[PDB]
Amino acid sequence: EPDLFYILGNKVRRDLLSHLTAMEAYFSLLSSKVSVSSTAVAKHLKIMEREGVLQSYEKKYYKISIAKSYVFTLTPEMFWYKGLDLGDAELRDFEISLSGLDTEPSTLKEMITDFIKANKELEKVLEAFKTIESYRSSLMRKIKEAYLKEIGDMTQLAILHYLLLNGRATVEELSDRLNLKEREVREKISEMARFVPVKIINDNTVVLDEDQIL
């Protein structure tokens, strides 16, 4: 129902969503945490709420009101997309047999045969994706909750939130998203080292310590 391609088409919205998902937020500290004017920010929020992608509630807090994953492909041969509703995760297993799908069929109908065989494995991939994303969304809520209870630092969680979705970041990258200087980011990394396995490798690369975590 909601037109997500249209919502994500604008780079300001994309940024607004990136922060509404990290936490807070409003309005104030929302148009603050991005480098475009507050009149445009006010505009985009109404568009998102109109579209049924945002909700507000009493200070006016905004929150995302949907849980959908999307998939699309664009090649010279094909263009398609499929929307996926998240939530009710049944943790199951998927076997994805891609060998030895006919790499060289010489005739039609047999080409239709394989493409279907491929579709059957793709339907599993889509299911798997739907499942993990339902899982990561629920678990993220718990990480967000546990963090605030165990230690109430919002920007420590924000960095952690960011590193969990995108595996790596520079202090530069992070500093931008947080609208606070590079130094004030480094000491937030130093502070969260007490609780979470974060580390500064190289000289500016902030990564989680995969080895220790698993």
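Residue numbers here begin at 1 and follow the sequence given.
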| query | finding |
| --- | --- |
| Size class of the missing deposited segment between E58 and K59 | 4 to 9 |
| Mean C-alpha temperature factor, higher of 66-74 and 176-184 | 176-184 |
| Given 30-38 and 152-160, the range whose Cα B-factors average higher in the PDB entry | 30-38 |
| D114, C-alpha B-factor rank within chain (lowest, middle or highest third) | middle |
| Position of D93 among the chain's modelled residues by C-alpha B-factor, lowest, middle or highest third | middle |
| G87, C-alpha B-factor rank within chain (lowest, middle or highest third) | middle |
